[PDB]
Every structure is written in C-alpha cells, then in structure tokens.
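Just so we're on the same page: letters track the sequence lines, and every chain starts at 1.
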Amino acid sequence: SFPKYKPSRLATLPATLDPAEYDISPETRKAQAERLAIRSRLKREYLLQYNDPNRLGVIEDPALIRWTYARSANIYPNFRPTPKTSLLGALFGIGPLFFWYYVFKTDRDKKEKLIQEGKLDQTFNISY
Amino acid sequence: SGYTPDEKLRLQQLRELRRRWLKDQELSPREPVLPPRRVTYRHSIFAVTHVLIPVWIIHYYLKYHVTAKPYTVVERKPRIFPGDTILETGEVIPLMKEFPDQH
Amino acid sequence: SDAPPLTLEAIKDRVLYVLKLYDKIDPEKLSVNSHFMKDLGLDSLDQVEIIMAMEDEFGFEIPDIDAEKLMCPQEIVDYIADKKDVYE
Amino acid sequence: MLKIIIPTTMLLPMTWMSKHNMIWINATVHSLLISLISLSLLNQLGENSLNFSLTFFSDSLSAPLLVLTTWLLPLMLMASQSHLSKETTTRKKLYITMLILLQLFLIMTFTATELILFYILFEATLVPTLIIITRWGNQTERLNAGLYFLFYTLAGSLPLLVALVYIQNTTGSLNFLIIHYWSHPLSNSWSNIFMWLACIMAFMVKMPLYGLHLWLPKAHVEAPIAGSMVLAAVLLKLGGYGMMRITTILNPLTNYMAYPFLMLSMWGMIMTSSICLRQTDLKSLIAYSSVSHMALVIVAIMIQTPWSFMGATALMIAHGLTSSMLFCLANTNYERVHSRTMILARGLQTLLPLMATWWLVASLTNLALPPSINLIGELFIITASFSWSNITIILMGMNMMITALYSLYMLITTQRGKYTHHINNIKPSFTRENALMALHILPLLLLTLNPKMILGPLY
Amino acid sequence: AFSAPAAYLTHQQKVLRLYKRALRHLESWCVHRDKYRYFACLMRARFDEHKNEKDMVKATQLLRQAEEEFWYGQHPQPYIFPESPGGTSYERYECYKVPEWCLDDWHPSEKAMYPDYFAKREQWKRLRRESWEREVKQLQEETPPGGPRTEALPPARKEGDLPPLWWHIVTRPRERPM
Amino acid sequence: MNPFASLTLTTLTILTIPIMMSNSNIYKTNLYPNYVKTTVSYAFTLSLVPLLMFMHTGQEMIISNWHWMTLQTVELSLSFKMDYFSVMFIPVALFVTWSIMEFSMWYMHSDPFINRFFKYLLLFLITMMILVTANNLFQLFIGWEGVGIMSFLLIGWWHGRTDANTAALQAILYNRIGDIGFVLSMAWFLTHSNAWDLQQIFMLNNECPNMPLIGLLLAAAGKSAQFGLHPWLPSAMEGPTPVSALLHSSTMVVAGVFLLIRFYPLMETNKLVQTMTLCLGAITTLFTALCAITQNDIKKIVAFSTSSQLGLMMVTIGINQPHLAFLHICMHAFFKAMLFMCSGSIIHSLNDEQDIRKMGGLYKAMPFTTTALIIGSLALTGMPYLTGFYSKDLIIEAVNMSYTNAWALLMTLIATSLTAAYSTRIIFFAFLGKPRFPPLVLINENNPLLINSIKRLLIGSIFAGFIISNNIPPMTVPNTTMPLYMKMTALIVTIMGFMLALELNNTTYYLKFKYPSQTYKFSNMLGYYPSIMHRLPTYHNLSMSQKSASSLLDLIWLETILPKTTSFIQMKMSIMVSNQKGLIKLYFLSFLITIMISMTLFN
Ligand SMILES: CCCCCCCCCCCCCCCCCC(=O)OC[C@H](COP(=O)([O-])OCC(O)COP(=O)([O-])OC[C@@H](COC(=O)CCCCCCCCCCCCCCCCC)OC(=O)CCCCCCCCCCCCCCCCC)OC(=O)CCCCCCCCCCCCCCCCC
Ligand SMILES: CCCCCCCCCCCCCCCCC[C@@H](O)O[C@H](CO[C@H](O)CCCCCCCCCCCCCCC)COP(=O)(O)OCC[N+](C)(C)C
Ligand SMILES: CCCCCCCC/C=C/CCCCCCCC(=O)OC[C@H](COP(=O)(O)OCCN)OC(=O)CCCCCCC/C=C/CCCCCCCC
Ligand SMILES: CCCCCCCCCCCC(=O)SCCNC(=O)CCNC(=O)[C@H](O)C(C)(C)COP(=O)(O)O
C-alpha cells in the first residue's frame, strides 16, 4: 500500500484514479456513445460552416451568446429575496464601509487630539 | 488496431494534397520583384555624428545655460590632505603631529 | 537553429536504422512496408517500445492515440513527415 | 469668450448648407480651427481669473476642460464617419447638429459666471446626449439606458435648483466672484446638512459615486462611439467641476459631511477595479475603469487640499483622453467583429500590429505609467490622502495593483494568443483609425512635458 | 491529434497508456542510460507476468492498483519534450502563424511581387470552389441519418473527388513559418 | 569646463540615438543590431572616462539641468546624481549589455523580429540608466516602472504562448505589490521632509522613523524577488535567453538592493528595519538555494542562484555594509551574466533543449563553453583571488564579525553550502557523464560573436574584482584580525559542499532505485509556495469579483434599491389611481367625502 492522494477544490481527482471509470456498464457505454455523437454532430456543423468558401464572416456561436446573456442580462429577473441573498448582500455591501469609517474616524480623532495637545512634531510639514 | 482502409485512403489523399500545397509555397528565382526608384571610414564618421556632435551640444548647453543658473551643478569640494597647497590662495596645510613610526 | 532540411530519405533511413538496432528483429527480414503485429511477430508492448525509440530519436513525442495505431515503418514515416512538413 | 462661441454657432448653418458629400470634411476642418482658437485661453494668470464679461469668465480649471471639449469634436466626427455611411444626408446632418449643440452647451457651461446659468447649461447638455443614445443606438436596451441616464441625473439635480434659489434668496447673489469673496461659515444644523446634501448630490451622481453608478455602464455600452467618447471624456468631468466650484460655500460643514462619500469612493474604486477583472465586455470594462478613476477624483475633491485639487484636475484630463482612446479602440474592433465581446476575436496583434501598438500605449496610459499625467494626478491625490490619513494608502495600493491587472488583462485577451480560426473579415486598419489613435495619444505625451498647464488654479 | 477520438478507452488501451507513462517517468527518474535500461527491462518483465490473465474482474484489479503506485512515484518534475504541451517551446511559434486568407487583403503593389505564387493561389481557389460544392453533396449522401455518430470523415470515392472538408487541413500555415 | 558632467551626460544621451533612428531606414535592414551594439560599446568606452576621473580624484557631482513643474515650496527638476554608485555601475552595465547584444546577434539569428528585440533591449538599458542616475524620487520611480514594463514586454516575447503571458502578468503583479511600498515611501517623504530630492531627505532625517524605511524595504523585496515575492523571478525564465541574461540576472533584479543602497544614511540610523532586511535576505537566500539544488532546468537553477545572490546582497545591507553590497552587485553582474551566456550556448547547441537530463558529455564535445562555465562556477563559489572572492569573502567575514542574528548567520552559511551544491550539480549533470542528447549531433561553437562575447566577460570575471578592489578608495573598517578557523569558514564550507554534493551525485550511477522522500518533494516543488499561493488567493479573489462585487451588489441589490423600488411603487400607484370604472356614483360619493372632510379640517 501507498499513502492516499486526497483531492480538494483547487487540486481535483486525477483522471486515472476515479473509482467511477472502472465501474463499466452498458448504460455507461451508451451514455458515452451519445455524448460523442452530440459532440460529433456539433463538430460536423461547425466544420460545414467553416470550410465553405462563400462564407466571409464570423461564425455565430449560440453557446457564447447564451453564456454572455446569462452572465449579464439574466441575473435580476431570476433574483429572489432570500435570507442567504439578504445577509450576504448586507454584509458585503455595508460591513466594509462601516469598518473603514471606524478605522479612519479613530485615526483622525487620534491625530486631532495629538495636534490639540501639540505633541505631534509637524516640523517641515508644509505641503498638504 | 491500426488504421482502417478508409482512414488509409483519406490520409493518402490529404497528404498528397498537403505536399502539393507545400511545393506550391516555394518561390521562383524572380519571385521578389523589387521596383527600383530613388530621388576605419565607417568608424570615422560614426565617432563624429554619434560621439563628437552629441558632446558638442551637451557641453555647450551645460557650460552656458545650466551653469548660468545657481546651484544647478554642484561639485564635491575635493579632499584636502596635510601638506597640500591650494592654487587660488597659495598657502600650505601644516603637517601632522609626527606620530611614533615603527612597523 | 542551423538545422539541415531533413527529407523523406533521411527520415526513412533513420527509421530503418533504429529498427535494425532493435535486436528483437533480424535486420535482413524487415522491410519498409513490413507489418509489426504479423510480419515480425512483435508484441504490442514491443510496438510501444518502438514508439519510445522513435520519440527519443526524432526529438518529439507522438500522441498516444496516433501512436497506438501505427503498425508499419512506412506509415510512421508518412506521419512524421506530415508532422514536420517535409517536401521531398 | 464669444470668439469661441460664435464659430461654434456658425458650425450649424455651415453643416446644414453643406454639399451632400462634403459635410465631414467641412466639419472636421472647422472644428480643428475652433480648437486652435480655444488654445488662447490656456495663458492664465496667478491672479483671480480671466473675467471676459459679466456672463463668462475663464480659469485655469476651466481652460483645460474647454480645450479638451473643443478638441474632442473632430475626433468624434472622425469616429462617427464610419458607421453612418449607409445613412441619409438629413440624418447625418442631424447627428452633426447634435454634436455641435453638445459642444456649445459644454463651452457655455464651463465659463458660466453665474450658478443658475451653469445649472441651466449643465442640464441642457442632457438632451443631445439622450437623443444620440436613444436614436443612433444599435441594441434594443438603448431606451432603458436613456431612461436611466435621464432620471438618475434629474433626481440628483432637482434638489440642486431649490438649493440654489434658496441660496440666492438668502445671500443675494449666485455669482461666483461674489460668492467667493463673501463666503461665510455654515453652522452645523439640520437645515444646513440638507442644503449641503442638495448642493453635493447632483454633482455626485454624474461622477458617478459608487452607490449611484448604475446608469453609466448602460449608457456607455448602448451609446454609439461618439456618445461613449463624449460621456467618458467630458460629461463625467462636469460633476467634478461643479463640486470644485460649489464646495467653497459648504465649509466648514464638509469635514463631518464628507465621511459617507469618502468611504463609499474608497471602497467603490476597489469594487469596480475588481469587477473589471471578471467582465465579458470591452465597453463595460472601460466604463468600470472610468468609474474607479472618477471615484478617486471624488476622494480628491472631498479631501479639499491644494494637492488634491491639482491631482483631480490632472486626473480628469488624463482620464478623459485615455477613456476616449480606449472606447475608440473597442469600436474599431467591434466594427469588424460585430460582437463586442473580448473572448471571441483573439490574437489581433498578429493581424494588426500597429493597432496592437496603439492598444499597448492606451493600456499603459490607463495603467498610470510615469511620467504620464495620469500618474501625476494619481500621485498627487495619493499624497494628499496620505496626509489626510496614513491608512488610506493601503486601499490606494490595492487600487493601483488591481488597475494594472485588468489593464494588461484587456491587453492580453484581445491582442495576444492565437487568432480565432473562423473570423476572416478582419481587414487592414484604415488610415482614419490610425489617425484617430494618434490624435488621441499625442496630446497626452505633449502635456506630460508641461504639467502645470493642467494643474488647475491652485498651482 | 490527427485521428478522431473513440467513445471510450479499452482495457488494453489503458494498460498501454499506463506502460507509456510509467516508462517515461522511469526514464525521467533514471538519468543515465544503463540504469534506465536495466530498470525498464525489470519493469517490462514485471508487467508481462499478468499478460495471460483472463479474469476481467482481476484485470480491473490489475493496472488501476498500479495506477495508484504510479501516482505515488510519478516524479513530480518529469522530462517533457520541448514542443510537447508541457515543454519549454510548446507554443513559441504560434505568433508567427498567419492565416492564408490574409493574402486576399494585400495591396496590389504588394501582389506585384510574387506573381507566380498568387497565380498558383488562384488555381487553388478555383479547385476549392469546385471541390467544396462536390463535397457538400458527397457528405450529405454518405452521412448516416440522424446525424454523425463519430467525428471521422470519409475519403473521396470518385475520380475527380477530393477529401471532404480538406481546405483547412491542407492549408495549415507551417510548423515553423519564420 | 570640468568634462565630468559633459561626459557623464553624453553617455546617456548617445545611448538614445538608435531609438531616434528606429523610424529611419536602417531599422528595416539587417544592420540594425550591429548599429545598436556599436552604440553600446562606444557608450561604455566613453563612460570609462568619468570612472577614471573618480578614481584619480574622487570627484562627485549633481547635475540639475532642466526645471520641471514647481508646486508651491517644492521644486521638481531633471536632476542626475553621478555619485560613486552611478559612475561605478554604468560602465559595468554597459559592458554586460555589449556582451549580451553580441551574444544575441547569434542567438536571435533566425528571429524575424530581431531589430525590435534589439530596440527592446536598448530601451531597457536606457530606463535602467535613468533609474541608476536618478537624484530625486520621481525620476527613480520613472526608471522603476520603465524597467518593469520592458521586462513585461520581453518576458512575453512569444505572445502566442500562454505561459509567457502568464509569467509577464506575474512579474507585473509582484512589481505592483512592491510599488505599493514605493508609493508609500514617496508620500511619507514628501509630507514630512517637504521634498523628493535626495539631498533634502538626508538633511532633514537624522533619525528616520519606521514607516518610510518599511516602504522602501517592501519595494526592494518586490523588485529583488525576496522570499515573500520570489516566484516571479524563476517564472521569468519563459523569455529568450538574452532577456534572462541581461534583465533578470545582473542588471534589473538588483534594483531593490540598489535602492536600499541609495538610502543608506537613513538605513544606518534605524535598528529594526536593518534586522528585517537581514532576516529577509537570509531566508530568501536559504529558500532559493534549497529550491535550486534540486531543479532539472538549467535556466531555473541559475535563476535561483541569482535570487540567492540577491538574498546575500540584502544580508550585506542589513549588517550596515552598503558599499560591499554594491561591490557584490558589480562582481555578480559579470560572472552570472557569463553563466547565462554558457547556458544559452548549451541550449542553442542542443536544439533548444533545457533539461539537464538530455545533456551528457560536453567537456570534450564543446570545450570553450566548458572552460567558461567552469570559471563562472568557480567565481560564483568564491575561489581565492577570483572575482567572487573579493566580494563574497568580505561578505562572510563581515557577517561573521558583526553583532547579528545567530539564525541569519547559520542560514547564510547553509546557503553557501547549497550554492556549492547546485554549482557542482550543474557541472556534473551537464559536463561529465555520457551523452544523452538525440543522435543527430548539431553541436557547434565556431562563431566569432559567441566566442568574443563570452571571452570578454571571462576576462572580466577573472580580473575585475582585483582591479576594482585595488582601485577604489577604502570605505569601511576592515576585519584585520580574525581567528584562523573563522577566517577559513567560507572556504571550508564551500569545499564541504563540493565534496558532499559530489558524493551524493556519484551514487546515481548505482543500479538501485528508491522512491523520493518528503524533503525532496518539498524542495522540488519550490516549497509548495507557487502552488498554493497561485491557486488559493486568486480564485478567492476572482470568484468574489464575480459573485459579490459584480452580481450580488451591482447587478441585484444596488439595482433593487433605487431604480426597481421606484418603478414598482410608481407602477402600483398608477394602477391604483387610474383604475376607475367610470361610475360617477363613486366619483360624487368621493366628492361628498372630501367636501365634508374639508369643512371639518381646514377651519
Ligand atoms: C557546528 C559544526 C559544523 C559542521 C556541521 C556538520 C558538517 C556536515 C554534516 C552533514 C549534515 C547533513 C548534510 C547532508 C544533507 C542531506 C543530503 C541527503 O542525503 O539527501 C538525500 C535524502 C533524500 O534523498 P531522496 O528523497 O532519496 O532523493 C532521490 C534522489 O536523490 C534525487 O536526487 P537529484 O539527482 O534529483 O538531486 C540531488 C539533490 C537532492 O537532494 C535533496 O533532496 C536535498 C534535500 C536535503 C538537503 C538540504 C540540506 C540543507 C539543510 C538546511 C535546512 C534549513 C532548515 C529547514 C527547516 C524545515 C522545517 C520543516 O541533492 C543535492 O544536490 C545536494 C543536497 C544538499 C547537500 C549539500 C550541502 C548540505 C550541507 C550543509 C548543511 C548544514 C551545514 C552548514 C555548514 C556551516 C556549518 C554550521 O535527503 C534527506 O534524507 C534529508 C536529510 C536532512 C533534511 C533536513 C530536513 C528534515 C525535516 C523533517 C522535520 C523536522 C522537524 C520540523 C518541525 C517544524 C515545525 C514548526
Ligand atoms: C445608496 C448609495 C449611496 C447614496 C448616497 C449616500 C450618502 C448620504 C448619507 C448621508 C450621511 C449622514 C446624514 C446625516 C449625518 C449627521 C451626523 C450623525 O450621523 O451623527 C449623529 C446624529 O445622530 C443620529 O444620526 C441622528 C439622525 C438619525 C436619523 C438618520 C437615519 C439613519 C440611517 C438612514 C440612512 C438612509 C440614507 C438614504 C435615504 C434615502 C451625531 O449626533 P448629534 O449631535 O445629535 O447630531 C449632530 C448634527 N446636528 C449638530 C445638526 C444636530
Ligand atoms: C441619496 C441622496 C441623499 C439623501 C439623504 C436624505 C434623503 C431623505 C430626504 C428625502 C427628502 C426630504 C424632503 C424634506 C427635507 C427638508 C429639508 C429642509 O427643509 O431644509 C431646507 C433648508 C432650511 O429650511 P428653512 O425653513 O428655509 O430654514 C429656516 C430655519 N432654519 O434650506 C435649504 O437648504 C433648501 C435646500 C433644499 C433641501 C434639499 C431637499 C432634498 C434632499 C437633499 C438632497 C439629497 C437627495 C438627493 C437625491 C440623490 C439622487 C441622485
Ligand atoms: C516510476 C513510476 C511508477 C509506475 C508504476 C506502474 C506499475 C506497473 C505494474 C502493473 C501490472 C500490470 O501489468 S496491469 C494488469 C492489467 N491486465 C492485463 O494486462 C490483462 C491482459 N493484458 C493485456 O490485454 C495487455 O494489452 C497485453 C496483453 C500486456 C499487451 O497487449 P497487445 O498484445 O495488444 O499489445
């Protein structure tokens, strides 16, 4: 035996170490066959549109259009106010602002006090 | 395993077409048709137009514009050692305290 | 670079050279079109070792999918010529 | 000041009485001549101002903006000449008329001795931009973008008119000179707090502020190239000019009042620079970069120190030129590809080398590479913020890094790598486009020789 | 890279690929030639022991277990050929690969130079225009109904026919154009 | 009048002329690289004169020639400092660049864009001269950013390669991380000292506080590739070999160390920042040598050697010996540049092969590169009377004869051991064993350019240390007395490293194989630092930049608050108000209600 490799999010499982591949069944073979059939149909369509001499333009890719539209324009109509959405939005949109306001306010209060008592030694400070 | 016969035939035809294209990519001896139309010696001119000329401008620009303004070019006030004499004044720095010299 | 423009003759010569230094094959029986599985009685592992030798000889490695379906020296030469864009 | 205004007005009859195939030539030549005329205003004094008359004055804050506004029109005409080719003469003349009216409104806005006249012209600039966006726009969302752009502006600016008329009722004058000499402190009162908010939010919305920046990506993406140029180069600077003009009356209330805005901008520059990293659109990426730069300008104006004001002026000019160049480059790509998505057309350096050089220079000047005026404003604002508080630098640091990242990202996605195999309609770049990029970029590298010319009145 | 992929990998394909990877990584481990030869022969001998095994379940047990061993001792920095997908010169010359249709955009003053090349290119364009029109019908008639099942193309079967979808395979720029 | 200023400005000015002529016709011919090389050589031989004037007199000067913008009290001007550091570094850099271009004329013979390559090299040289001769912080920042941008352009020379672009963006990212501290230092100095000028800063800062020095240290760590920001230097080997030999080895990467040298009057007056610099240098040199002793790519090994030398340089800085660190910079330039010349010659002769597993017997197969690499390795290790010995021996003596950290001293000694280790590793795996390259032998050196370029740096790496050490004025107190065992510590450590690494490499011929341990895996994958730090943060950033900043707030909630709420409210109000069935019964009932309400409410 040898020490086991533990997969993670940023270091996935190796292709040859998946327990699923060794479990072969006729259903799995049919699934792979139809997957490659879809891939080959798409490849055939792309090459048919690609090789033609008459065509002199960018080939339009419905997958790319769907990707961009879903990323940009399909977000809000599918939004639902949810405790997860509400809490994450409130945190990520309010917490940093108040954190930085507190930090800067404390820093400026300390500086103002130090300049009131005058123990700040602002010699040669002429540009602001 | 191995190539299927249809794969063999397709590879043969594609490969002969590829060689024909590659052979067609060559140039004839007259292919670059260039249309002509106009309107120590190497190191002698270069040392003048790349060294002598640039230093003429910079020395003129430094001696006559930059040093015209105060504090633009500041030197180091070179070291003064005992026993030295100064051209401007002519006086001599007195020697040292004659330390005991041994080894 | 300063690399000489290798040709089909050089490719085939080097292929047959590597195959003749393969002691599992007697040199006088092999040929350009001689098969590997049947004409020389070589194992599939022997064929992939031949692929090893080819890759170490020409300085480039052939993908496994193309390599596993190469059974003749002639078609190997043709494939490598296609990869290297050899004219003659 | 009429020596500039009258030729701009005469641009309209000249355009409408032009021969059907000589409008572009006539417009570009006379626009360049008017720009040359505008150059006279740059010779400012260390004294008060260039008070031409009771209605218009000049300032070394107003003069660079006026020069940039005049210079932008020939570039907009050259950029618009391409996609308006299949268009009737009447509608092309209407487009040129709208551009001329926009220039005239901006020119009168930047001089504007009186605040109500400034507000009237400041809101008059809104109509030509709205019509350009909603008429000569390609997508179907140009109507929604125009609605957003109109209503954000008007919601911000309607309280400003009430505040201005109230201020004139109390003080007795809205004139800039009188206001500056007779400025009196504002007591920390609820009414004074709301007056401050009404005076500030109208200019805050147009920068725009991080909270109120939504209209800008829509308006920039959906507008034509001339609309995008005028929005990114000049229309965003109106808010900064208005704040610098109106902040004098606001003190000493600004210190307490400024914190919500200072925090919003310091976090929103990071947010928008980070948004730029994950974008599928060139125009949206440029819009968000503009939002980040204008958030920094907001910080500079709110700090309200001399170095802050000089940095804000320099950054406004530099950002205007750089963003106009970036939008022009994206439009040159779009006119060939018709997709306006970065990941589709790739490896354009192999096919268009000079255009790739232009891309590199534009991305470098957006990155604030020294000694460009972009970094001059960047560094002045950063130093002023550090003097304001030694912690701000950390945020500023992040911003700089993130900025560089997405800039080079935009340079790497579209120019480097392997060209898409299928696209074959990428024709060689025209002389017009190369001239457009050269005319965009040369003024920046000329101005870096004379930075004081764009450092504002506090130089 | 040239041949179309298969719907799956058989057991013998997997064992051959594992043999290839293991031998390459052992060569990476064994820098010197004699040491590599000795250990490669030892590994080949070990490999051949289970060659006549007939149990499929046992066959599944073999190699997959070996794969775990291979993963444990896989030489984290293996040798890669310079032009291979991990090599130091994998895509050095992709920036020099200019498409052919770009020549259609050359100025006539540029096309004045190299006239024979452009004449041959015109002949190629004529051949492509005819051959593509033939190929569309040929592929339409030869393709199975309901769409293709494997992305492999048939060869030409007539006399004047050309391989279907040939233009962008024959007209590759070069391996080292400049 | 005092030709020092005229000559020291003329060198930099004539360094720019080929950039001006880059638009001329000569740029379209094959004579452009020779033009640039001749210009560089003339610049070097012309800059040799101010060096002689300094050696004779010790003459120092400041040239503030052009007045830039002046803001209030502060004045910004084009000012050049020609101190000992500038007048000493300029000839060395010009000589190295001359050798690099002579080598590149042959190494880039088949590159279609060779004129642009030479132009890129000259631009980098000009920018580094600007950086070195800067008298104020703004000009120094100009050079700081220019060298970084030229490095970005040169690393991604082959823009069709994804990994080259990735490495260039990595270099930019790390340099911006350092730029943060640089900008912090500039802001602090302007605010407190009221100037960016070097003279004013020294004068008004008798006891420099922590913050500006921490900013300077952060910038130096960023640009010198210290342990915190190291991986970009090894990843920068994606560029052409001349680029790695000129920029990332001997001229550019000493920018941070040079910057810390420039501010040595303020460095010596603070004790904490000195300790941080010393510890950072020690950990960097240890980690980089540890990574080097186990690599297979020759370029990676030599780049890690460069990073370890930079760590040793900052160790020298931390013990308050800036001039000795400058001497180390000058000597390391020579011998490490020649080391890359040898490596690139090997790579080109083996048909672009960089792995040492495919190179065997080259001691006889290629002798001149062999002797050059041997001399370079000996100089790096520190052979008595060699160029390396003058600097590195004094480094070891000063670190040993100082009130320093015990751990830092131990790590420096171990780093010396590992330096010897990877030196003998390179020699053994590239020069001694049986050949392992492909059978088609294309080994050739008979080319005047390569031989001359290598032999010039050979003469340098032989005699420069001696001549420079005996020609420069004395600047520090010597360790003139020392224990005999502690005087020989450097030599005994070097010989121990030699013998132990040789013995460990000699066991590879044995016909026994075992799986690697955890230490070998840790050292081979670069401490696992490039893995985790290049996968965990970036993802965690990028995902957020899409999930929180882009979609959650910008696309949804900011949209929900102002516009969508207004639209919904106005829609509901309009629907409620306008939905009247047209029955005047209801209208007049409402009229009665409002009439009575008005009668009851408004009086
Ligand atoms: C005061 C008296 C002064 C005198 C002192 C004594 C004088 C000398 C006595 C000798 C002492 C040891 C010297 C031998 C070094 C070992 C060499 C060796 O056998 O390597 C093969 C062997 C494994 O080889 P392999 O896996 O079969 O590789 C397959 C092939 O060989 C693949 O081979 P390849 O062809 O791929 O490449 C070959 C390469 C590959 O070989 C390697 O893998 C290298 C890795 C180990 C060598 C590195 C040693 C440097 C130690 C510094 C560590 C700093 C602290 C790090 C802290 C880590 C914290 C976890 O090997 C080399 O090139 C040479 C290696 C470097 C040796 C030359 C210089 C070392 C001598 C100097 C050491 C100190 C003296 C300083 C002098 C000044 C006087 C004070 O390495 C080891 O077994 C490791 C031994 C020592 C490693 C220490 C780290 C253990 C950490 C465990 C955990 C500890 C607790 C931490 C808790 C922390 C929680 C907070
Ligand atoms: C959405 C995207 C961004 C949009 C723009 C946002 C920026 C505008 C936000 C305005 C900033 C704050 C407004 C008022 C600040 C006054 C200072 C106050 O916060 O501090 C304490 C005030 O205490 C409490 O804050 C009292 C007010 C509480 C009621 C305000 C609502 C709080 C949250 C509402 C936020 C919604 C804003 C958007 C509306 C559409 C001090 O106590 P006190 O000494 O007694 O009052 C001093 C002022 N005096 C002298 C005039 C009397
Ligand atoms: C998002 C913008 C920030 C919004 C912050 C607050 C939002 C909530 C307020 C909603 C609207 C409230 C309307 C009523 C406010 C009453 C304020 C007021 O009357 O002060 C007027 C004050 C004193 O009144 P007098 O009676 O004359 O003094 C005599 C005794 N001292 O005089 C003035 O300054 C007049 C100026 C007009 C005030 C502006 C009112 C609107 C709110 C301010 C603008 C902020 C919202 C901007 C919208 C942003 C969209 C882009
Ligand atoms: C350095 C890194 C370490 C790597 C560790 C590697 C572990 C090696 C040990 C694995 C043990 C095995 O053999 S794995 C056991 C897998 N099962 C079988 O081998 C059953 C039938 N064999 C076949 O079918 C083959 O194809 C064959 C007949 C050989 C040729 O076929 P050809 O006739 O079609 O060429």
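A donor-acceptor pair under 3.5 Å is formed between the side chain of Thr381(F) and the backbone N or O of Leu378(F). In this structure, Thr424(F) contributes its side chain and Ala420(F) its backbone to no donor-acceptor pair below 3.5 Å. A donor-acceptor pair under 3.5 Å is absent between the side-chain atoms of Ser235(F) and the main chain of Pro231(F), judged by distance alone. Side chain of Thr387(F) to main chain of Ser461(F): a donor-acceptor pair is present (N/O by atom type, distance under 3.5 Å, no hydrogens or angles). At distances below 3.5 Å, not a single donor-acceptor pair connects side-chain atoms of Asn320(F) with backbone N or O atoms of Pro322(F). Checked by atom type and distance alone, the side chain of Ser469(F) pairs as donor or acceptor with a backbone atom of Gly465(F) at under 3.5 Å. Between the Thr316(F) side chain and the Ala325(F) main chain, no donor and acceptor come within less than 3.5 Å of each other. Judged by distance alone, with hydrogens and angles left aside, the side-chain atoms of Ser453(F) form no donor-acceptor pair with the main-chain N or O of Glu102(F) at under 3.5 Å. Of the possible donor and acceptor atoms, one in the side chain of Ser89(E) sits under 3.5 Å from a partner among the backbone N and O of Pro82(E). The main-chain N or O of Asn505(F) is never found under 3.5 Å from a side-chain atom of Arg425(F) such that the two would form a donor-acceptor pair.
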Quiz item: Going through the checks in order, is the ring pair (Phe, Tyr, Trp, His ring centres under 6.0 Å) test met by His230(F) and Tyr174(F)?
Solution: CA-CA 9 Å; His230(F) 61 287; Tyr174(F) 283 107; 7.9 Å; no
Quiz item: Run the side chain to side chain donor-acceptor pair (under 3.5 Å) check on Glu445(F) and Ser345(F) step by step: do they pass?
Solution: CA-CA 8 Å; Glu445(F) 319 191 349; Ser345(F) 170; 5.0 Å; no
Practice problem: Start with the C-alpha gap between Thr284(F) and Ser307(F), add the side-chain angles, then the distance that decides, and say whether side-chain contact (heavy atoms from CB on, under 4.5 Å) holds. | Solution: CA-CA 8 Å; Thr284(F) 301; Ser307(F) 188; 4.1 Å; yes
Practice problem: Take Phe304(F) and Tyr422(F) through the test ring pair (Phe, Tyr, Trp, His ring centres under 6.0 Å) and record every step on the way to the result. | Solution: CA-CA 10 Å; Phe304(F) 276 114; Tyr422(F) 61 74; 9.1 Å; no
Self-check item: Verdict with supporting geometry, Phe81(E) and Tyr79(E), ring pair (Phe, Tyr, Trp, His ring centres under 6.0 Å)
Solution: CA-CA 7 Å; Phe81(E) 284 91; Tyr79(E) 169 80; 5.1 Å; yes
Practice problem: Take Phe437(F) and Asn351(F), measure what side-chain contact (heavy atoms from CB on, under 4.5 Å) needs, and give me the verdict at the end. | Solution: CA-CA 9 Å; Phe437(F) 39 85; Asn351(F) 198 3; over 6 Å; no
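A donor-acceptor contact closer than 3.5 angstrom links the side chains of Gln77(E) and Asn296(F).
Ring to ring, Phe466(F) and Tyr385(F) are not that close: their centroids are 6.0 angstrom or more apart. A ring-centre distance under 6.0 Å is found for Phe326(F) and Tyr84(F). Taking the ring centroids of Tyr363(F) and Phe431(F), they lie at or beyond the 6.0 Å cut-off.
Between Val253(F) and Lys223(F) the shortest side-chain heavy-atom distance does not fall below 4.5 Å. Between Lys392(F) and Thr419(F) there is a side-chain heavy-atom pair separated by less than 4.5 Å. Side-chain contact between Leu213(F) and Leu217(F): absent, with no pair of heavy atoms (C-beta onward) separated by less than 4.5 Å. With a 4.5 Å cut-off on side-chain heavy atoms, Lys336(F) and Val302(F) count as touching. In this structure the side chain of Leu449(F) never reaches within 4.5 angstrom of the side chain of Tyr107(F), judged on heavy atoms. Looking at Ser391(F) and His332(F), their side chains never come closer than 4.5 Å, going by heavy atoms from C-beta outward. Side-chain contact between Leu380(F) and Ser305(F): present, with at least one pair of heavy atoms (C-beta onward) separated by less than 4.5 Å. Contact annotation: the side chain of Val257(F) approaches that of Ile261(F) to within less than 4.5 Å [non-hydrogen atoms, C-beta and beyond].
Between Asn400(F) atom CG and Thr412(F) atom OG1 the span is 9.0 Å, to the nearest 0.5 Å.
In this structure, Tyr515(F) and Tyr72(E) have perpendicular ring planes: the angle between them is above 60°, well past the 30° mark. Using cut-offs of 30° and 60° on the angle between ring planes, the pair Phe85(F) and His323(F) is tilted. The aromatic rings of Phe287(F) and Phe522(F) stand perpendicular to each other, their planes meeting at an angle above 60°, with 30° marking the opposite boundary.
In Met488(F), the CE atom is not crowded: 12 or fewer heavy atoms of neighbouring residues, nucleotides or ligands sit closer than 6.0 Å. Counted within 6.0 Å of CD1 on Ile532(F), heavy atoms from surrounding residues, nucleotides or ligands total 12 or fewer; the atom is thus considered open. More than 12 heavy atoms of other residues, nucleotides or ligands lie within 6.0 Å of OH in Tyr528(F), so this atom counts as buried by the packing criterion. No more than 12 heavy-atom neighbours from other residues, nucleotides or ligands sit within 6.0 angstrom of CG on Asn446(F). The number of heavy-atom neighbours closer than 6.0 Å to OH of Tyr509(F), taken from other residues, nucleotides and ligands shown, is above 12. For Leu432(F), the CG atom sits in a packed shell: over 12 heavy atoms of surrounding residues, nucleotides or ligands are nearer than 6.0 Å.
Between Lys299(F) and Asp297(F) no salt bridge is recorded (no basic side-chain N to carboxylate O distance below 4.0 Å). Remark: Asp34(E) does not engage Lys434(F) in a salt bridge, criterion side-chain N to carboxylate O under 4.0 Å. No salt bridge links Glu27(E) with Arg357(F); every basic N to acidic carboxylate O contact stays at or beyond 4.0 Å.
Residues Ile356(F) and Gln295(F) come closest through the heavy atom pair CD1-O, 3.9 Å. The two residues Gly222(F) and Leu229(F) have their closest heavy-atom pair at CA-CD1, 3.5 Å. Of all heavy-atom pairs between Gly86(E) and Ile80(E), the closest is C-CG2, 3.5 Å. Residues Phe389(F) and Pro384(F) share a closest heavy-atom pair of CD1-CA, 3.5 Å. Across every non-hydrogen atom of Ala421(F) and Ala501(F), the tightest pair is CA-CB, 3.8 Å. Across all their heavy atoms, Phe334(F) and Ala464(F) have their closest contact at CE1-CB, 3.8 Å.
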